[PDB]
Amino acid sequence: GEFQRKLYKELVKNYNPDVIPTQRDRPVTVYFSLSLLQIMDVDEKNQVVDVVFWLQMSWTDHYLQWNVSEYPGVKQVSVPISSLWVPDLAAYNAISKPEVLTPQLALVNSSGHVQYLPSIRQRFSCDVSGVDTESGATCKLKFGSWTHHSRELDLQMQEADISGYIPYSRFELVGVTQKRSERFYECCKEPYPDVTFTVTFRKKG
């Protein structure tokens, strides 16, 4: 429709995707979830794990809301992420650039709530020593904002999800636990929240 086209036009007007959408007194709450899909490979020589996982990120961008009466049918839109602000979450212990497997698009409803849900393949540093033992190996996948502290970006975990782990992998996914931490570095005065997903796994047999 032309309404959806006017709306797309207006969402981008006077909008800078480099500007985190805070409102004074308020940090941007970003809800964050990682679903492990497949353990692609263990490098026992170089201490590396290769994983495929589904990230779920959502937050409210209040510069992106619209009155639905002015845009009758339009209740959500699908938008390329280059055109809006997205959390600068970094994989603290990645040793490779992420390979995004899915279309780089976000959903946005009329309250300005954004949902961005990439599927990603990425290699991480990990001690994979015990992978062929009963206890298994344990990898920490650690994520957090690279440039935004707690009072700018409040990173929130959502519940752990192993439901997506492929059942025919040569690795048995023993468990996944998660932890949110606020670290002080002393670059900065402010703490930076990070979310850590702890994956325990072992060779089947």
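Superpose the two forms; the largest set of C-alphas matching within 1.5 Å is the rigid core. Numbering starts at 1 and runs along the sequence shown.
Greater root mean square CA deviation, 194-202 compared with 3-11 in 4 other deposited structures of this protein, core aligned: Relative to the shown form, the greater RMS C-alpha distance in 4 other deposited structures of this protein belongs to 3-11.
Divergent stretch in 4 other deposited structures of this protein, 55-63 or 153-161 [C-alpha RMS, superposed by the core]: The stretch that sits farther from the shown form in 4 other deposited structures of this protein is 153-161.
Comparing average C-alpha B factors as deposited, tell me which of 195-203 and 1-9 sits higher. According to the entry, 1-9 carries the higher average C-alpha B-factor.
Look up the CA B-factors in the entry and say which stretch, 93-101 or 124-132, has the higher mean. Between 124-132 and 93-101, it is 124-132.
Selection by C-alpha B-factor (highest) of 176, 39, 139, 28: When the deposited C-alpha B-factors of 176, 39, 139, 28 are compared, 176 is largest.
C-alpha B factor of residue 111, ranked within the chain: lowest, middle or highest third? Tercile = middle for this residue's CA B-factor.
Looking at the C-alpha B-factor of residue 172, is it in the lowest, middle or highest third of its chain? Highest third - that is where residue 172 ends up once the chain's C-alpha B-factors are sorted.
When the deposited Cα B-factors of this chain's modelled residues are ordered and cut into thirds, is residue 52 in the lowest, the middle or the highest one? Lowest third of the chain for residue 52's C-alpha B-factor.
Should residue 83 be placed in the lowest, middle or highest third of its chain by the C-alpha B factor in the entry? Within its chain, residue 83 is a middle-third residue by C-alpha B-factor, going by the deposited values.
Residue 163, C-alpha B-factor rank within chain (lowest, middle or highest third): Ranked within chain, residue 163 CA B lands in the middle tercile.
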